[PDB]
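Visitor: A single structure is presented below for examination.
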Amino acid sequence: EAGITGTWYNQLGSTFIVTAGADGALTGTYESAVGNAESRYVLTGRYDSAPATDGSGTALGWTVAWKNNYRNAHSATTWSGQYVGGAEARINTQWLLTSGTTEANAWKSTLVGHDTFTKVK
Amino acid sequence: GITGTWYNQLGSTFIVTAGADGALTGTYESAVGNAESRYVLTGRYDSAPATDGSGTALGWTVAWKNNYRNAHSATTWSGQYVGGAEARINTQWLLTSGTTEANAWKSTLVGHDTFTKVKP
Amino acid sequence: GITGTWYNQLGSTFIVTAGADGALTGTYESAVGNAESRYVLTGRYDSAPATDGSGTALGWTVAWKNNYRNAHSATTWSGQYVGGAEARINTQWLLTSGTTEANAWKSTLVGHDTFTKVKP
Amino acid sequence: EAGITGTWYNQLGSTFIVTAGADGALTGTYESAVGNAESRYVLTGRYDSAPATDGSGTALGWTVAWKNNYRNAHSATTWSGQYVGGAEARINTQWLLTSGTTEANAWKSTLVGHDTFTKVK
Ligand SMILES: O=C(O)CCCC[C@@H]1SC[C@@H]2NC(=O)N[C@@H]21
Ligand SMILES: O=C(O)CCCC[C@@H]1SC[C@@H]2NC(=O)N[C@@H]21
Ligand SMILES: O=C(O)CCCC[C@@H]1SC[C@@H]2NC(=O)N[C@@H]21
Ligand SMILES: O=C(O)CCCC[C@@H]1SC[C@@H]2NC(=O)N[C@@H]21
């Protein structure tokens, strides 16, 4: 929550600005350094608002649909991962990027990858 | 349309509203796993899909905490809606559990769910 | 058993021999993608599965180069064999294309294939 | 081929010993630092034996079934990725680890992750 809330950057140079709400909500904006994308996009997600206290990360995920008021890529990414708190906080993720496709092309609709986010100030 | 009550091959129930500008908001009830009753979900979808026959890209997240249980985990589904006589949402998902750093290699399950509006 | 000729939901043909000590060896012919004719495959399976009803874990790889084409890519399938009257192999797969470093983020497709011995 | 052939170690401390054959074969052994595993396991896979020369990686993949003459985990991992050659050669991968399960448990059969291998000498 204060931990998650803030500005984060990944290894590609993308920017993630997020607010973690007391109810488990994540809201913010995402700017991707790569792909069919420009400017900021809405993100929404959820996190474990009462995580384990036993040295485990805090599970979370969020989605961006790659449509904003400037571009539409007809695609959406979800990130699933965990926040690791502390003075060098990290969010470690795997992601799935699905493009809208025709039925015949659905087998090649989804890319998979991994992003590591570092918190800035 | 996307709005409605959906069921996957496990018998889970996905109740969702698609807002006009791209929001997905609803609840998820899983038939399996460390889960009971409904959980909050939020996500996004392409609110102006292509007009060539392509599906509508979407995704959503559930954190597996509600008033009954907390599994200290979260699932994201990424996929596309395919309209038509038997509308479908085809997805792949990632379920990440909170882990220690040394166990992070085994933190994330992957799978695939297909949803229709047909009730079991 | 695992040995035989299998077909997935795309109509691809997977011909495989399961060696007694865990080898998988065969050929794969994809119905889709940058592919024509048969490609070599190799993999491994659990040659002494559990005796509790569980499936048999397995995986295999195809590099998409043969005498006809080279897509500069490789797919791995990871999954389990489920015996019975209608034997099945349920898999998830990763298709990695060779890319530059800057494009590595978009190098890998993920999907899921289910195989049976029923010919289209 | 000479490039791929050798000993490699990942971020977990696992050991990958591989030979790349002229026909596109990969053969060798894998020792995992983690999980239900001990000693070396057979691996087999394939690689693009005539890759692009345009600054792209060489696509490859391999499988380990986690049975050897000392332990059986009833599971198998596949790694899919690319070799990036040069004086600091790397193999960058994503992987899928499937466990044998009952039908009711099949939804939780498969773990996903990513490993980066560094070549040693
Ligand atoms: O090309 C598209 O369809 C839209 C942009 C997708 C960019 C992705 S999302 C996963 C990865 N992480 C990033 O920061 N950018 C890419
Ligand atoms: O066990 C947990 O950590 C929480 C429940 C997870 C259930 C999952 S989410 C992906 C899959 N699809 C479902 O409908 N249920 C399972
Ligand atoms: O286009 C390529 O790079 C080579 C062909 C890939 C075809 C894939 S592999 C996963 C999926 N299952 C199949 O039977 N065919 C596609
Ligand atoms: O626990 C098991 O079922 C067997 C061992 C699996 C270990 C895996 S494979 C992917 C990852 N990379 C490694 O080097 N070790 C783990």
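For the structure tokens, the naming scheme is as follows: chains receive sequential letters (A, B, ...) according to their order of presentation, residues are indexed from 1 within each chain, and ligands are indexed from 1 in presentation order.
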Restrict the distance test to only C-alpha atoms, flag each residue of chain D within 9 Å of chain C, and return the flagged residues as a ChimeraX atom specification.
Guide: /D:24-25,42-52,54-67,72-84,93-103,106,109-110
Visitor: Rotate and translate chain A onto chain D via least squares on all in-order Cα pairs, then write the result as a compact mmCIF listing (two decimals) with N, CA, C and O atoms, in the first residue's frame.
Guide:
# COMPACT_ATOMS: atom_id res chain seq x y z
N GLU A 1 26.49 -24.09 -32.23
CA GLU A 1 27.19 -25.37 -32.28
C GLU A 1 28.50 -25.32 -31.48
O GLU A 1 28.27 -25.77 -30.37
N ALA A 2 29.65 -24.83 -31.92
CA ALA A 2 30.72 -24.67 -30.90
C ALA A 2 30.22 -23.67 -29.87
O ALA A 2 30.55 -23.69 -28.65
N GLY A 3 29.37 -22.76 -30.39
CA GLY A 3 28.86 -21.67 -29.56
C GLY A 3 28.03 -22.25 -28.42
O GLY A 3 28.28 -21.90 -27.27
N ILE A 4 27.05 -23.06 -28.73
CA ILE A 4 26.16 -23.62 -27.73
C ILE A 4 26.86 -24.67 -26.89
O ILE A 4 26.65 -24.76 -25.67
N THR A 5 27.69 -25.49 -27.51
CA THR A 5 28.31 -26.56 -26.80
C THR A 5 29.16 -26.10 -25.64
O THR A 5 30.05 -25.27 -25.82
N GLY A 6 28.95 -26.67 -24.45
CA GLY A 6 29.74 -26.33 -23.30
C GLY A 6 28.94 -26.48 -22.01
O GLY A 6 27.93 -27.13 -21.99
N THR A 7 29.48 -25.84 -20.96
CA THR A 7 28.90 -25.83 -19.64
C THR A 7 28.33 -24.45 -19.36
O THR A 7 29.00 -23.46 -19.62
N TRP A 8 27.13 -24.45 -18.79
CA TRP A 8 26.42 -23.25 -18.52
C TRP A 8 25.84 -23.28 -17.11
O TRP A 8 25.49 -24.37 -16.63
N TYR A 9 25.69 -22.12 -16.48
CA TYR A 9 25.11 -22.07 -15.10
C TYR A 9 24.02 -21.00 -15.10
O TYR A 9 24.21 -19.98 -15.78
N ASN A 10 22.85 -21.14 -14.44
CA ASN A 10 21.82 -20.15 -14.36
C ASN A 10 21.84 -19.44 -13.03
O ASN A 10 22.65 -19.67 -12.13
N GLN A 11 20.89 -18.51 -12.89
CA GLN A 11 20.82 -17.63 -11.72
C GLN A 11 20.50 -18.38 -10.45
O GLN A 11 20.72 -17.80 -9.36
N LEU A 12 19.93 -19.56 -10.51
CA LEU A 12 19.69 -20.40 -9.37
C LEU A 12 20.89 -21.18 -8.92
O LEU A 12 20.86 -21.80 -7.84
N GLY A 13 21.93 -21.24 -9.75
CA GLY A 13 23.07 -22.11 -9.52
C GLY A 13 22.96 -23.48 -10.14
O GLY A 13 23.78 -24.35 -9.81
N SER A 14 21.98 -23.69 -11.00
CA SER A 14 21.88 -24.95 -11.73
C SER A 14 22.95 -25.01 -12.84
O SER A 14 23.38 -23.97 -13.31
N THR A 15 23.28 -26.24 -13.25
CA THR A 15 24.31 -26.59 -14.22
C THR A 15 23.74 -27.29 -15.42
O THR A 15 23.05 -28.29 -15.23
N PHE A 16 24.05 -26.83 -16.60
CA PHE A 16 23.55 -27.33 -17.87
C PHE A 16 24.84 -27.70 -18.68
O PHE A 16 25.65 -26.82 -18.96
N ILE A 17 25.05 -28.98 -19.03
CA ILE A 17 26.14 -29.39 -19.89
C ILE A 17 25.57 -29.91 -21.18
O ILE A 17 24.70 -30.77 -21.14
N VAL A 18 25.93 -29.33 -22.32
CA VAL A 18 25.26 -29.61 -23.56
C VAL A 18 26.28 -29.74 -24.69
O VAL A 18 27.29 -29.08 -24.74
N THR A 19 25.89 -30.60 -25.65
CA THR A 19 26.57 -30.72 -26.91
C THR A 19 25.55 -30.41 -28.04
O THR A 19 24.51 -31.06 -28.04
N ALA A 20 25.90 -29.53 -28.94
CA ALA A 20 25.10 -29.18 -30.08
C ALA A 20 25.64 -29.91 -31.31
O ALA A 20 26.78 -29.69 -31.67
N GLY A 21 24.84 -30.77 -31.86
CA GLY A 21 25.24 -31.61 -33.02
C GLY A 21 24.97 -30.90 -34.33
O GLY A 21 24.12 -30.01 -34.43
N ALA A 22 25.66 -31.29 -35.39
CA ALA A 22 25.56 -30.67 -36.68
C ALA A 22 24.14 -30.78 -37.26
O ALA A 22 23.78 -29.94 -38.11
N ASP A 23 23.37 -31.75 -36.86
CA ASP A 23 22.01 -32.00 -37.32
C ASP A 23 20.94 -31.16 -36.56
O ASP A 23 19.75 -31.38 -36.83
N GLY A 24 21.33 -30.32 -35.63
CA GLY A 24 20.35 -29.59 -34.83
C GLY A 24 20.04 -30.25 -33.48
O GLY A 24 19.21 -29.69 -32.75
N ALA A 25 20.71 -31.33 -33.11
CA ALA A 25 20.43 -31.98 -31.84
C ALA A 25 21.13 -31.26 -30.69
O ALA A 25 22.23 -30.76 -30.84
N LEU A 26 20.46 -31.24 -29.54
CA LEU A 26 21.06 -30.93 -28.25
C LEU A 26 20.98 -32.18 -27.38
O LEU A 26 19.95 -32.79 -27.26
N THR A 27 22.10 -32.51 -26.73
CA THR A 27 22.17 -33.63 -25.80
C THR A 27 23.01 -33.20 -24.62
O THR A 27 23.98 -32.46 -24.79
N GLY A 28 22.74 -33.68 -23.44
CA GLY A 28 23.57 -33.42 -22.32
C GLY A 28 22.93 -33.77 -21.00
O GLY A 28 22.10 -34.68 -20.95
N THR A 29 23.32 -33.04 -19.96
CA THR A 29 22.81 -33.32 -18.61
C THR A 29 22.50 -32.00 -17.94
O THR A 29 23.12 -30.98 -18.20
N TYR A 30 21.56 -32.07 -16.99
CA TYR A 30 21.11 -30.92 -16.24
C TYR A 30 21.15 -31.27 -14.75
O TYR A 30 20.68 -32.34 -14.36
N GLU A 31 21.64 -30.35 -13.94
CA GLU A 31 21.61 -30.49 -12.48
C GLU A 31 20.93 -29.27 -11.92
O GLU A 31 21.42 -28.15 -12.10
N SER A 32 19.79 -29.47 -11.26
CA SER A 32 19.09 -28.36 -10.71
C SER A 32 19.49 -28.05 -9.28
O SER A 32 19.58 -28.96 -8.44
N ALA A 33 19.68 -26.78 -8.98
CA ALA A 33 19.98 -26.31 -7.63
C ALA A 33 18.76 -26.33 -6.70
O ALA A 33 18.94 -26.23 -5.49
N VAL A 34 17.57 -26.43 -7.26
CA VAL A 34 16.34 -26.35 -6.51
C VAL A 34 15.35 -27.45 -6.90
O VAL A 34 15.50 -28.11 -7.93
N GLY A 35 14.32 -27.62 -6.09
CA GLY A 35 13.23 -28.51 -6.39
C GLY A 35 13.51 -29.92 -6.00
O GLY A 35 14.46 -30.26 -5.28
N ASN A 36 12.60 -30.77 -6.50
CA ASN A 36 12.64 -32.21 -6.18
C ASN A 36 13.60 -32.91 -7.12
O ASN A 36 13.20 -33.60 -8.05
N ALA A 37 14.90 -32.72 -6.88
CA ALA A 37 15.93 -33.06 -7.82
C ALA A 37 17.25 -33.28 -7.11
O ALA A 37 17.59 -32.56 -6.19
N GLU A 38 18.00 -34.25 -7.58
CA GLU A 38 19.36 -34.46 -7.09
C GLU A 38 20.19 -35.10 -8.23
O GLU A 38 19.64 -35.90 -9.01
N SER A 39 21.45 -34.75 -8.29
CA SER A 39 22.34 -35.28 -9.30
C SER A 39 21.93 -34.80 -10.70
O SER A 39 21.21 -33.84 -10.88
N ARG A 40 22.47 -35.47 -11.69
CA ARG A 40 22.26 -35.09 -13.11
C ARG A 40 21.12 -35.84 -13.73
O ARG A 40 20.91 -37.02 -13.44
N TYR A 41 20.47 -35.14 -14.66
CA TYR A 41 19.36 -35.69 -15.41
C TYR A 41 19.66 -35.54 -16.90
O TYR A 41 20.26 -34.58 -17.34
N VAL A 42 19.19 -36.50 -17.68
CA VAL A 42 19.31 -36.41 -19.13
C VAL A 42 18.52 -35.25 -19.66
O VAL A 42 17.36 -35.03 -19.29
N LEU A 43 19.11 -34.53 -20.63
CA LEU A 43 18.35 -33.57 -21.41
C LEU A 43 18.54 -33.89 -22.88
O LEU A 43 19.57 -34.37 -23.35
N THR A 44 17.49 -33.52 -23.63
CA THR A 44 17.54 -33.59 -25.08
C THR A 44 16.78 -32.42 -25.62
O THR A 44 15.79 -31.96 -25.02
N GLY A 45 17.19 -31.89 -26.78
CA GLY A 45 16.50 -30.80 -27.41
C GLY A 45 16.96 -30.58 -28.82
O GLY A 45 17.58 -31.45 -29.44
N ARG A 46 16.61 -29.40 -29.33
CA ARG A 46 16.87 -29.05 -30.73
C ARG A 46 17.25 -27.57 -30.76
O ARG A 46 16.80 -26.77 -29.95
N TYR A 47 18.03 -27.20 -31.78
CA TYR A 47 18.36 -25.81 -32.01
C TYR A 47 18.36 -25.56 -33.52
O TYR A 47 18.53 -26.50 -34.32
N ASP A 48 18.23 -24.31 -33.90
CA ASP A 48 18.34 -23.85 -35.33
C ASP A 48 19.79 -23.94 -35.74
O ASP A 48 20.62 -23.11 -35.30
N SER A 49 20.15 -24.92 -36.56
CA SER A 49 21.52 -25.12 -36.97
C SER A 49 21.92 -24.24 -38.16
O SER A 49 23.05 -24.37 -38.59
N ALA A 50 21.06 -23.39 -38.65
CA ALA A 50 21.45 -22.45 -39.69
C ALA A 50 20.76 -21.13 -39.41
O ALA A 50 19.92 -20.64 -40.18
N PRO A 51 21.12 -20.50 -38.32
CA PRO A 51 20.38 -19.32 -37.84
C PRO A 51 20.59 -18.12 -38.68
O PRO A 51 21.43 -18.08 -39.56
N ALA A 52 19.85 -17.06 -38.40
CA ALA A 52 20.03 -15.80 -39.10
C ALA A 52 21.36 -15.20 -38.63
O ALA A 52 21.85 -15.39 -37.50
N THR A 53 21.93 -14.48 -39.54
CA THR A 53 23.24 -13.86 -39.45
C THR A 53 23.15 -12.35 -39.30
O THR A 53 24.13 -11.62 -39.52
N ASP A 54 21.94 -11.89 -38.96
CA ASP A 54 21.58 -10.50 -39.01
C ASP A 54 21.51 -9.82 -37.66
O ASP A 54 20.86 -8.77 -37.60
N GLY A 55 22.10 -10.45 -36.64
CA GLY A 55 22.23 -9.99 -35.27
C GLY A 55 21.12 -10.57 -34.35
O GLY A 55 20.89 -10.15 -33.25
N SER A 56 20.42 -11.57 -34.80
CA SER A 56 19.39 -12.27 -34.08
C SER A 56 20.00 -13.44 -33.29
O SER A 56 21.03 -14.04 -33.72
N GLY A 57 19.34 -13.86 -32.23
CA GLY A 57 19.71 -15.02 -31.49
C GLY A 57 19.37 -16.29 -32.25
O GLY A 57 18.70 -16.29 -33.27
N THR A 58 19.89 -17.39 -31.71
CA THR A 58 19.65 -18.72 -32.29
C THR A 58 18.59 -19.42 -31.44
O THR A 58 18.81 -19.68 -30.26
N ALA A 59 17.47 -19.74 -32.05
CA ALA A 59 16.37 -20.35 -31.29
C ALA A 59 16.74 -21.79 -30.92
O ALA A 59 17.36 -22.52 -31.67
N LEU A 60 16.27 -22.19 -29.72
CA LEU A 60 16.55 -23.52 -29.21
C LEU A 60 15.55 -23.88 -28.14
O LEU A 60 14.86 -23.04 -27.58
N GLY A 61 15.52 -25.18 -27.81
CA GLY A 61 14.75 -25.63 -26.65
C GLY A 61 15.24 -26.97 -26.22
O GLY A 61 15.90 -27.70 -26.97
N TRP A 62 14.94 -27.34 -24.96
CA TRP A 62 15.28 -28.66 -24.49
C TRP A 62 14.32 -29.06 -23.36
O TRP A 62 13.61 -28.23 -22.79
N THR A 63 14.32 -30.37 -23.08
CA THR A 63 13.47 -30.98 -22.07
C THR A 63 14.35 -31.80 -21.11
O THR A 63 15.27 -32.48 -21.52
N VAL A 64 13.95 -31.74 -19.81
CA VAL A 64 14.39 -32.67 -18.80
C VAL A 64 13.14 -33.30 -18.18
O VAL A 64 12.27 -32.58 -17.71
N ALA A 65 13.08 -34.64 -18.17
CA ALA A 65 12.12 -35.33 -17.32
C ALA A 65 12.89 -35.63 -16.01
O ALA A 65 13.98 -36.19 -16.04
N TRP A 66 12.28 -35.30 -14.88
CA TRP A 66 12.97 -35.30 -13.59
C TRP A 66 12.97 -36.69 -12.93
O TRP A 66 12.64 -36.86 -11.76
N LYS A 67 13.42 -37.66 -13.73
CA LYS A 67 13.68 -39.01 -13.31
C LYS A 67 15.13 -39.35 -13.68
O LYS A 67 15.51 -39.20 -14.84
N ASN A 68 15.89 -39.79 -12.71
CA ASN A 68 17.21 -40.35 -12.98
C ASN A 68 17.33 -41.61 -12.14
O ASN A 68 16.34 -42.13 -11.65
N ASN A 69 18.54 -42.15 -12.01
CA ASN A 69 18.62 -43.45 -11.34
C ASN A 69 18.68 -43.23 -9.87
O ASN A 69 18.86 -44.25 -9.17
N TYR A 70 18.41 -42.02 -9.34
CA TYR A 70 18.40 -41.71 -7.92
C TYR A 70 17.11 -41.11 -7.36
O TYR A 70 16.83 -41.16 -6.16
N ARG A 71 16.26 -40.50 -8.23
CA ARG A 71 15.07 -39.81 -7.78
C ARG A 71 14.09 -39.69 -8.95
O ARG A 71 14.51 -39.67 -10.08
N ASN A 72 12.82 -39.61 -8.63
CA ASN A 72 11.80 -39.36 -9.61
C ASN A 72 10.77 -38.37 -9.03
O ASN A 72 10.08 -38.73 -8.09
N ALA A 73 10.66 -37.20 -9.62
CA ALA A 73 9.75 -36.16 -9.20
C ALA A 73 8.43 -36.23 -9.97
O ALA A 73 7.53 -35.42 -9.69
N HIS A 74 8.29 -37.09 -10.94
CA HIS A 74 7.06 -37.23 -11.76
C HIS A 74 6.72 -35.89 -12.40
O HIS A 74 5.59 -35.35 -12.23
N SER A 75 7.66 -35.32 -13.09
CA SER A 75 7.54 -34.00 -13.66
C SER A 75 8.55 -33.83 -14.79
O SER A 75 9.48 -34.63 -14.94
N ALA A 76 8.35 -32.78 -15.59
CA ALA A 76 9.24 -32.52 -16.73
C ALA A 76 9.25 -30.98 -16.94
O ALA A 76 8.20 -30.35 -16.85
N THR A 77 10.42 -30.47 -17.26
CA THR A 77 10.54 -29.05 -17.63
C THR A 77 10.99 -28.95 -19.10
O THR A 77 11.88 -29.68 -19.52
N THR A 78 10.42 -27.99 -19.80
CA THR A 78 10.93 -27.58 -21.09
C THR A 78 11.39 -26.12 -21.00
O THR A 78 10.68 -25.28 -20.43
N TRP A 79 12.52 -25.83 -21.61
CA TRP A 79 13.07 -24.50 -21.74
C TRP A 79 13.00 -24.14 -23.24
O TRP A 79 13.49 -24.91 -24.06
N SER A 80 12.47 -22.96 -23.53
CA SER A 80 12.40 -22.41 -24.88
C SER A 80 13.13 -21.07 -24.85
O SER A 80 12.82 -20.24 -24.00
N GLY A 81 14.03 -20.82 -25.79
CA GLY A 81 14.74 -19.59 -25.73
C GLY A 81 15.69 -19.37 -26.91
O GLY A 81 15.46 -19.89 -27.97
N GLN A 82 16.68 -18.53 -26.65
CA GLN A 82 17.64 -18.22 -27.73
C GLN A 82 19.01 -18.06 -27.11
O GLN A 82 19.20 -17.56 -26.01
N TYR A 83 19.96 -18.52 -27.93
CA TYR A 83 21.39 -18.34 -27.66
C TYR A 83 21.85 -17.06 -28.30
O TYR A 83 21.60 -16.82 -29.49
N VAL A 84 22.56 -16.27 -27.53
CA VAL A 84 23.12 -14.99 -27.95
C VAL A 84 24.62 -15.17 -27.82
O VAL A 84 25.16 -15.31 -26.71
N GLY A 85 25.32 -15.21 -28.95
CA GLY A 85 26.72 -15.58 -29.00
C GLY A 85 27.64 -14.39 -28.76
O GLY A 85 27.17 -13.32 -28.34
N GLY A 86 28.92 -14.60 -28.97
CA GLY A 86 29.84 -13.56 -28.53
C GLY A 86 30.64 -13.96 -27.30
O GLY A 86 30.48 -15.05 -26.74
N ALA A 87 31.49 -13.02 -26.88
CA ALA A 87 32.46 -13.35 -25.85
C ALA A 87 31.81 -13.54 -24.48
O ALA A 87 32.43 -14.17 -23.61
N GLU A 88 30.61 -13.01 -24.29
CA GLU A 88 29.79 -13.23 -23.09
C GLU A 88 28.47 -13.83 -23.51
O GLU A 88 27.39 -13.27 -23.50
N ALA A 89 28.62 -15.09 -23.91
CA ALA A 89 27.48 -15.81 -24.46
C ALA A 89 26.44 -16.09 -23.38
O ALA A 89 26.74 -16.38 -22.21
N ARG A 90 25.18 -16.02 -23.81
CA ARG A 90 24.02 -16.20 -22.95
C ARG A 90 23.02 -17.06 -23.62
O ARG A 90 22.91 -17.02 -24.83
N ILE A 91 22.26 -17.84 -22.83
CA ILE A 91 21.06 -18.47 -23.30
C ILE A 91 19.93 -17.94 -22.44
O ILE A 91 19.91 -18.15 -21.22
N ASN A 92 18.99 -17.24 -23.07
CA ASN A 92 17.87 -16.62 -22.37
C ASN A 92 16.65 -17.43 -22.61
O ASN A 92 16.29 -17.69 -23.80
N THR A 93 15.94 -17.86 -21.57
CA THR A 93 14.89 -18.84 -21.70
C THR A 93 13.64 -18.46 -20.89
O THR A 93 13.72 -17.73 -19.89
N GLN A 94 12.54 -19.03 -21.31
CA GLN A 94 11.35 -19.22 -20.49
C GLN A 94 11.13 -20.72 -20.40
O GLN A 94 11.52 -21.45 -21.28
N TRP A 95 10.49 -21.15 -19.31
CA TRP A 95 10.31 -22.57 -19.10
C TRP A 95 8.92 -22.87 -18.55
O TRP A 95 8.27 -22.03 -17.94
N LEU A 96 8.53 -24.13 -18.78
CA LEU A 96 7.30 -24.72 -18.29
C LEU A 96 7.63 -26.02 -17.59
O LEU A 96 8.18 -26.91 -18.21
N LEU A 97 7.23 -26.14 -16.32
CA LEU A 97 7.43 -27.34 -15.52
C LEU A 97 6.07 -27.94 -15.26
O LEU A 97 5.26 -27.39 -14.51
N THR A 98 5.81 -29.10 -15.90
CA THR A 98 4.56 -29.81 -15.69
C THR A 98 4.80 -30.99 -14.79
O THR A 98 5.67 -31.83 -15.06
N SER A 99 3.97 -31.09 -13.74
CA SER A 99 3.92 -32.26 -12.89
C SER A 99 2.82 -33.18 -13.30
O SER A 99 1.72 -32.71 -13.64
N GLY A 100 3.02 -34.49 -13.22
CA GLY A 100 1.92 -35.39 -13.36
C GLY A 100 0.91 -35.16 -12.24
O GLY A 100 1.30 -35.11 -11.08
N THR A 101 -0.39 -35.12 -12.59
CA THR A 101 -1.42 -34.81 -11.59
C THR A 101 -2.60 -35.75 -11.89
O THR A 101 -2.76 -36.27 -12.98
N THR A 102 -3.51 -35.79 -10.91
CA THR A 102 -4.78 -36.35 -11.21
C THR A 102 -5.56 -35.38 -12.10
O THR A 102 -5.21 -34.21 -12.24
N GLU A 103 -6.62 -35.85 -12.72
CA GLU A 103 -7.42 -34.99 -13.58
C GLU A 103 -7.98 -33.77 -12.82
O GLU A 103 -8.01 -32.64 -13.32
N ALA A 104 -8.44 -34.01 -11.58
CA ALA A 104 -9.02 -32.91 -10.80
C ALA A 104 -8.01 -31.85 -10.47
O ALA A 104 -8.41 -30.73 -10.23
N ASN A 105 -6.73 -32.18 -10.44
CA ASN A 105 -5.66 -31.27 -10.09
C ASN A 105 -4.90 -30.72 -11.33
O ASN A 105 -3.94 -30.00 -11.17
N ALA A 106 -5.37 -31.06 -12.52
CA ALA A 106 -4.63 -30.68 -13.71
C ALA A 106 -4.53 -29.20 -13.90
O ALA A 106 -3.56 -28.70 -14.48
N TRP A 107 -5.46 -28.42 -13.37
CA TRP A 107 -5.42 -26.98 -13.50
C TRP A 107 -4.18 -26.39 -12.84
O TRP A 107 -3.76 -25.32 -13.28
N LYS A 108 -3.61 -27.05 -11.85
CA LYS A 108 -2.44 -26.58 -11.14
C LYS A 108 -1.19 -27.42 -11.46
O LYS A 108 -0.25 -27.48 -10.67
N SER A 109 -1.15 -28.02 -12.62
CA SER A 109 -0.04 -28.86 -13.00
C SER A 109 1.22 -28.15 -13.44
O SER A 109 2.26 -28.82 -13.50
N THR A 110 1.13 -26.90 -13.89
CA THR A 110 2.24 -26.31 -14.65
C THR A 110 2.70 -24.99 -14.05
O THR A 110 1.94 -24.04 -13.95
N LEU A 111 3.98 -24.92 -13.73
CA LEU A 111 4.68 -23.73 -13.30
C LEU A 111 5.37 -23.10 -14.53
O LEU A 111 5.81 -23.81 -15.43
N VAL A 112 5.51 -21.77 -14.51
CA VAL A 112 6.21 -21.03 -15.55
C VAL A 112 7.26 -20.18 -14.91
O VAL A 112 7.05 -19.58 -13.83
N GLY A 113 8.40 -20.01 -15.59
CA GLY A 113 9.42 -19.13 -15.14
C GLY A 113 10.42 -18.79 -16.24
O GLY A 113 10.14 -19.04 -17.42
N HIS A 114 11.51 -18.22 -15.85
CA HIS A 114 12.53 -17.77 -16.79
C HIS A 114 13.91 -17.99 -16.17
O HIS A 114 14.12 -17.66 -15.00
N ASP A 115 14.82 -18.50 -16.98
CA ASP A 115 16.20 -18.72 -16.58
C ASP A 115 17.15 -18.08 -17.58
O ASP A 115 16.93 -18.18 -18.79
N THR A 116 18.21 -17.48 -17.08
CA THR A 116 19.28 -16.96 -17.93
C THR A 116 20.53 -17.76 -17.63
O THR A 116 20.94 -17.86 -16.47
N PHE A 117 21.12 -18.33 -18.67
CA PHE A 117 22.33 -19.14 -18.57
C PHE A 117 23.54 -18.39 -19.07
O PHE A 117 23.52 -17.76 -20.14
N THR A 118 24.62 -18.49 -18.31
CA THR A 118 25.91 -17.91 -18.64
C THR A 118 26.88 -19.02 -18.94
O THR A 118 26.95 -19.99 -18.19
N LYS A 119 27.66 -18.88 -20.01
CA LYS A 119 28.58 -19.94 -20.40
C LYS A 119 29.87 -19.84 -19.57
O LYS A 119 30.36 -18.73 -19.37
N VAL A 120 30.37 -20.99 -19.12
CA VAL A 120 31.60 -21.01 -18.37
C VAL A 120 32.69 -21.75 -19.18
O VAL A 120 32.36 -22.01 -20.35
N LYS A 121 33.90 -22.04 -18.69
CA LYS A 121 35.06 -22.58 -19.37
C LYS A 121 36.01 -23.18 -18.36
O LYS A 121 36.20 -22.59 -17.29
Visitor: May I ask for the distance between atom 6 (C, counted along the ligand's line) of ligand 4 and atom CA of residue C:110, given in Å to one decimal place?
Guide: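 Separation between atom 6 (C, counted along the ligand's line) of ligand 4 and atom CA of residue C:110: 19.9 Å.
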Visitor: Find the residues near stretch 6-10 of chain C: any atom within 6 Å, counting only C-alpha atoms, skip ones fewer than 6 places away on the same chain, and give them as a list in words.
Guide: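 The neighbour list is residues 114, 115, 116 and 117 of chain C.
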